[PDB]
Amino acid sequence: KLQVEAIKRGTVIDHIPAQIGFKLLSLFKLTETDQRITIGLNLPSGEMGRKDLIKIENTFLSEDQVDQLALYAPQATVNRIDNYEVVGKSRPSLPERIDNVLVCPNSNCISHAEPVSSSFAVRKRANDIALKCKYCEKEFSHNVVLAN
Amino acid sequence: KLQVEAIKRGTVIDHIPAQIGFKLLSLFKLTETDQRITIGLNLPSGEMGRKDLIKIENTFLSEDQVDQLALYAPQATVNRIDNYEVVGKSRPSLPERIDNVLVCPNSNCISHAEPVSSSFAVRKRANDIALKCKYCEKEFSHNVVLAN
Amino acid sequence: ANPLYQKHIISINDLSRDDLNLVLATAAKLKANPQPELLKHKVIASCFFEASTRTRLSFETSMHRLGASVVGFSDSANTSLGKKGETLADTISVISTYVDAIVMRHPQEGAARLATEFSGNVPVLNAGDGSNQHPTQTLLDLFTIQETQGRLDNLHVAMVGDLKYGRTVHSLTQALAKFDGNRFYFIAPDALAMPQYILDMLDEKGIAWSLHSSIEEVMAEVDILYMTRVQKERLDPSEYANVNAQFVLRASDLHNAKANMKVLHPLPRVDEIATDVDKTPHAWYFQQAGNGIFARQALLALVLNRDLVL
Amino acid sequence: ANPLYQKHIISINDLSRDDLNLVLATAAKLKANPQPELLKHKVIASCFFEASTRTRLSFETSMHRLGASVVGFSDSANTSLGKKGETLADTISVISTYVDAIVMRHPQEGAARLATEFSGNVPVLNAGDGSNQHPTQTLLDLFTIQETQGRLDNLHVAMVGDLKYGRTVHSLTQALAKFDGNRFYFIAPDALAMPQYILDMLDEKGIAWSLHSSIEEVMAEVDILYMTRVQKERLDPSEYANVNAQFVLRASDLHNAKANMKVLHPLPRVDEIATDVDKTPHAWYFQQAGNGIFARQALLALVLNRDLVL
Amino acid sequence: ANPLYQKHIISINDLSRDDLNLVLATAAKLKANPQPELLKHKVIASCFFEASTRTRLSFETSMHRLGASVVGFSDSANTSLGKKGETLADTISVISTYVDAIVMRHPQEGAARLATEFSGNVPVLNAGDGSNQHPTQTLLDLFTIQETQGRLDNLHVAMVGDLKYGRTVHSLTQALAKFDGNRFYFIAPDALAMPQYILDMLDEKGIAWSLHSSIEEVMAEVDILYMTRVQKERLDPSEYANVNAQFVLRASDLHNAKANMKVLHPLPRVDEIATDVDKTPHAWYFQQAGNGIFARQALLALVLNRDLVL
Amino acid sequence: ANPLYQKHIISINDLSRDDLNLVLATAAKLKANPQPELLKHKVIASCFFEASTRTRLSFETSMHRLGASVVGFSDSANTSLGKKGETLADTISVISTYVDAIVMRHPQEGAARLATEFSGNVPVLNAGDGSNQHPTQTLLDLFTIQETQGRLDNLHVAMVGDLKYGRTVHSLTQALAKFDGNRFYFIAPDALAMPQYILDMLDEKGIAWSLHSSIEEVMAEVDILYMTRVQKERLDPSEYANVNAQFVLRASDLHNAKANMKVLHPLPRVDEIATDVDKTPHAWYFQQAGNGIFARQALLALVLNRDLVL
Ligand SMILES: [Zn+2]
Ligand SMILES: [Zn+2]
């Protein structure tokens, strides 16, 4: 699978790590579409052996939307796909806040069984990415706010 | 624009209903093969609409395991590809047990905060079914289970 | 001076046709123009023998909006005047000499009517006496329908959920029955079907009604959707899970619903309204509760003040 | 008109430099000259989802000093809007339509910020949201330091006891960090040492600080001694007994302490202050609590009233 | 040789006609000839998570009647302040290595079924798991109907009170359904009527049934009259007062009763049978629970013994 | 001939190398050859003042396994309204004349030590007295490490979670310290670290130890992996959330594990080990408590019998 590309407007990204393609089409809700969905999950694309991808036809994504990929897919990109050409393959980039896709580690946080949306702040240290909580205001390392 | 879409060894048919391919991804955990795979959502189908073309490579699905698909999607039949070569037809015929996927609608059931694998017997019921619980022993409709 | 002067608000049945449209008009007049110090130098006891922070904050708020003092309590499962050793009749004989009016919420039925017998010349407003009556809830219900739709007649109203034990929906069906042309669609399970006695008084006045199994059928033609409260403790948790479908009201069901249609709820919700309904303009259960302060402001100012200049 | 008009008091971090000196000045102006009827015809809900008779008597007192109505409650482990079945967001959607402002105390963190999202144009003052913030306690702390010492800069302040979980001392170190020249001596056990994140923001602004093991060392040079609250339930009862020495503060330790030095305490004390300290002029924890009514009077009159003539 | 040795015993549906007849015959044999050293050197746990007083002492008596030791607990409604102890899979696992069998009662349904694979080769008897029926009660019910009427076939068994929620009557109808010729009456109010899944089972096996209004309508021909709990915390107090009028079994409705008729009850009772039907030949519900000693003794000897000669 | 006949058994410090080896050898002998009539005609009390469910049934099973009778109680957190019952010296004295031995669990530490002289010649075993460690848990911990690894010397025993307050790990290190060659890892967060008195004991006996950050750092060489309770009501919810990330033992951190490695746990568990390490050959914490039957059976036979031939 080395020739393809250039199919329906929208855009497609590259360099999705392995096992990062899935669970990204869900946390950001992207399956909820009625058009050309052909993910490239579990398919090497370069230097590394394991990599995944995802493609979307007529569907642009705000700089802010793409930047919200960084944390998960730190080594990927975004090149506006229309049909043979490309308009700036902008890589993702750590946003100044991540909402709707992170649960707070503070069990006694008001935001868990409440009818509101999550929201964290961003800053790197040197070791991890401490995302701070919006409500409780306590700060955690991405590795902790990630899984559990 | 060319489309030599990948269809390697293993399993899968296309023609699976609308907003069902991603529903056959998270639940059965087909991504957890952790090897090599591909998808095809919102695709032209044979004798009906559109959508779904799920998984591939080293994933032999049993006869009773493709019966698990029946309840969700009644629009399939396994392909054991070798070389563009179609073989071994087996249709979702609806099983007598359905495990791991569904939830007991009963709140007072003790299968919700425990380390167990769910179990659900099934019997026909005028174009639909009734999934009884092995633990609760309360017969529920197969419609209110989809709402939770 | 004032037909509802020094009267007891025990039941919706006691309130005649012009009685309900008089407190409705007074709630629309005080809302249009505040009365900061109408009930000045008037003390009002908030004796809540049953804990209810929703209704007690709405009642005491309306006392304070007219500039009236307040002195009450919340039995909260213990209260000093209980545990066998003090009757409710003795409690009201003392509280009457203290204050000019008594708003009381009792877990037992007929508690507010019993209070009127020992109150004397002290009015007695019923905030909820068990499974019997709740006219204060019914005053804000009709007042919310009269603002949005503009009237209380020729409306296609429907009541979902627990209609068998729902005291709020019982008194609402009797209050809207005092008007003409109203169409009723009682959408409940068979275990929580509307009582026959409510279907008997409707048949007497020649009012149309029909029992469905879901909102899907009637959603095309409805101007109100009064979603009621359903307890898990009313029945099994198994038969509560099933059969509850289409009494949950998703926001994806408001596709063909009328533009002027407005969803009402007494206020305590959890299952019967989804959170995605809040964003739609149909949702009007928080604005209904906000209009509950004007229905209770109209009730107090009409019972304590001799005239109602404005 | 007024920079803090219709603003939420959720955290100390949100309050800028001039924000803290504006409510400090308004607390010193209302103390100098009472405002009996400034917030007249204003209702204020005292929704205390966590029981606290100290803070609820201080807040409701300041509501009544400006001549403002009050309607609230105390969850007291039960409350009607709980036990799974009613969200905090629904409770604030109703209370907002009733009153002009909401003072709420929640056991969970981020509860006050969640209330602002469903309040709308109704201000939301935080009386204590778990272990997160307590800006009302920090407003009376700095106001007590600004009266006695005369300033909020160049002061030798120290914080004793539980600094690890003490939310009162966390927000106080950030509020005094907004000023210059302040010297900090965090005198705690190793198990209750001040968090690194507080020592990080101090290092950023170039503020001096030092960790001791007792008050004996630094007592010569200190203008404040903010003794914090220590729970027995925070740790073992054995390691609480030992290592607690010199965090008990006897009155026989005020020999060489500065004349202008003043001992502060949030208010609930038992072990950390001895009873013989009350007789000395240093003790100023009851006068700190009395100044807490002016810090909460400045907060309410600045958020509801458009101007602040005096 | 052993059919029920080291078996599950969780629900009555798993037990066939040959399983029920082995437990009834073994209960009649150990009653006629007690073996006080059958289960010697064998421990049995009685893990009552839900506090049932009568059911735990009928089981622990049967354990001690064969000479086995006992280790049991009884929690008085736990779930204090939200989160409590261990999981139920984690409790049964550690209890299974201690003893040779478990006898567990759980408030949640499906707890006895959760314990079969986790216990290993250690059998677990179900003493009542929520609304998933009580199989030990069904075994002593069949033993009482067999020892007085002479058989379990061709009998006129009526059932009064709570049939919808009454678990003890559900599987009493399914157990008697395995026997042939059994006529069935279902005297219940229009609310607490027998479910459609029990009635459809009776239509499938060619078993005759019919809904009746009161006791006196079927009294002419009856061999058994099973009476159920019918608790006040189920249907609301006004509804419970109205229907409870003819459904109560007074001694005035025993004049058509046959000479071999026997009133049963799983227990307890309060407002279903008055205390004047005890001094009759038809009184046979106190010694039915005493017959439950032999039903739970036969059920414990089959599972904890390879072969038996009574 | 008898070493441990009529002995104290209160703390692990009193027991030497020759006392621990007699209880482990006797536990392996009664497991291989049960004696169901050893403690016949001998009563043992199980006076659980603090309600422990699993610990009382592992003790009362071992009593009934030797043929002894049992008389025990379990109070569900007493101290209702201040002053309650008797003193603990007054209770043990009257209970001592009844029975031949006591097995007491008390919330306060030093309760088992208070009962030796008051009981007279009646031995009293300690089943857990506050934060003064659990010696019966230490005996079944050593019995599990001996029966799988083949010995108690020259083993790589790690310890995870609560080490500062975790009593079950404190004396597990002191018991293994009496054996030689034992390498020790202490995987704990910077808070719940092992105390200085345990580490100074290890430096005195020439025993090697080292603090580690997580499970995977020591996983390459480990024969045992003791895991502790770590309750949420100890360190505050934000602190418990952050550290609990690498300290939890998932099945992903078992790839370096040796073929004879065995994960232990005193119990209960919730947020330290997930429920996917049960289906492995390294699963050995459920049957460790079942091995506690033989550890408490050997400990009861030595004290209540002059001599024994297993
Ligand atoms: Zn949070
Ligand atoms: Zn279930």
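Method-wise, the PDB entry is recorded as coming from X-ray crystallography, at a reported resolution of 2.60 Å.

Visitor: How would you explain the overall build of chain A if you had to name every residue and give the values?
Guide: Helix and strand counts for chain A stand at three helices and seven strands. Its C-alpha atoms give chain A principal-axis dimensions of about 50 × 35 × 25 Å. For chain A, restricting intrachain contacts to residue pairs at least 6 apart in sequence, the fraction spanning at least 24 positions comes to 54%. Summed over its atoms, the accessible surface of chain A is roughly 8000 Å², and 52% of this surface lies on carbon and sulfur atoms.

Visitor: I'd like to hear about the coordination of the zinc ion (ligand 2), residue by residue, with values.
Guide: Residue and element names in this part refer to chain B. Surrounding the zinc ion (ligand 2) are the protein donor atoms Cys109 (SG) and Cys133 (SG), which sit 2.3 to 2.5 Å from the metal. Note that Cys109 is positioned in the loop between β1 (97–99) and β2 (119–124) and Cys133 in strand β3 (residues 129–133), a separation of 24 residues in sequence. With respect to class, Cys109 is no different from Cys133; both count as buried.

Visitor: Describe the packing of aromatic side chains, listing the residues and the values that go with them.
Guide: Counted under the stated rule, the structure contains 15 aromatic pairs over all chains. On the numbers, 5.4 Å between centres and 80° between planes, the contact of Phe49(F) with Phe73(F) is edge-to-face. On the criterion of sequence distance, the pair formed by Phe49(F) in the loop between β1 (43–48) and α2 (53–65) and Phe73(F) in strand β2 (residues 69–74) is long-range, its members being 24 residues apart. The buried category is assigned to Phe49(F), whose relative accessible area is 16%. Directly above the ring of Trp284(D) sits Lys262(D), whose terminal nitrogen or CZ lies 4.0 Å from the centroid.

Visitor: Requested: an account of the domain arrangement of chain C, with residues and values cited.
Guide: All names here are of chain C. For chain C, the assigned domains read domain 1 (1–133 + 292–310) and domain 2 (134–291). One C-alpha centre belongs to domain 1, the other to domain 2, and the line joining them spans 26 Å. Contacts between the two partners involve 34 residues from domain 1, matched on the other side by 24 residues from domain 2. When domain 1 packs against domain 2, the two sides together hide about 2300 Å² of surface, and 60% of this comes from carbon and sulfur. Contact with domain 2 buries area across many residues of domain 1, yet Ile12, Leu24 and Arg54 alone supply 25% of it, more than any other trio. At the surface where domain 1 touches domain 2, the tally comes to zero salt bridges. Summed over the shared surface of domain 1 and domain 2, the number is twelve residue pairs in polar contact. Secondary structure elements with two or more residues in the side of domain 1 that touches domain 2: α1 (17–32), α2 (53–65), β5 (124–129) and α11 (292–304). At eight residues, the largest contribution of residues to the side of domain 1 that touches domain 2 is made by α1. Tallied by class, the residues present in the side of domain 1 that touches domain 2 amount to 15 nonpolar, 13 polar and six charged.

Calculation rules
- Residues numbered from 1 in each chain as written, not as in the entry; some residues may be left out.
- Chains lettered and ligands numbered in written order.
- Part of a larger assembly, values for the part shown.
- Heavy atoms only, no water.
- Helix = DSSP H or I, 4+ residues; strand = E, 2+ residues; numbered from the N terminus.
- Contact = heavy atoms within 4.5 Å.
- Areas by Shrake-Rupley, 256 points an atom, 1.4 Å probe, with all protein chains shown as cover.
- Donors = N, O, S within 2.8 Å, 3.2 Å for Na, K, Ca; no water.
- Buried < 20%, exposed > 50% of the residue type's maximum accessible area, 1.4 Å probe, protein only.
- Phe/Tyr/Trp six-rings, centres within 6.5 Å; stacked < 30°, edge-to-face > 60°.
- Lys NZ or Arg CZ within 6 Å of the ring centre and 35° of its normal.
- Domains from an automatic or database assignment.
- Buried area = accessible area lost by both parts, 1.4 Å probe.
- Salt bridge = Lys/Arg side-chain N within 4 Å of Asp/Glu carboxyl O.
- Polar contact = N/O pair within 3.5 Å; in protein donor to acceptor, adjacent residues only side chain to side chain.
- Nonpolar A, V, L, I, M, F, W, Y, C, P; charged D, E, K, R; others polar.

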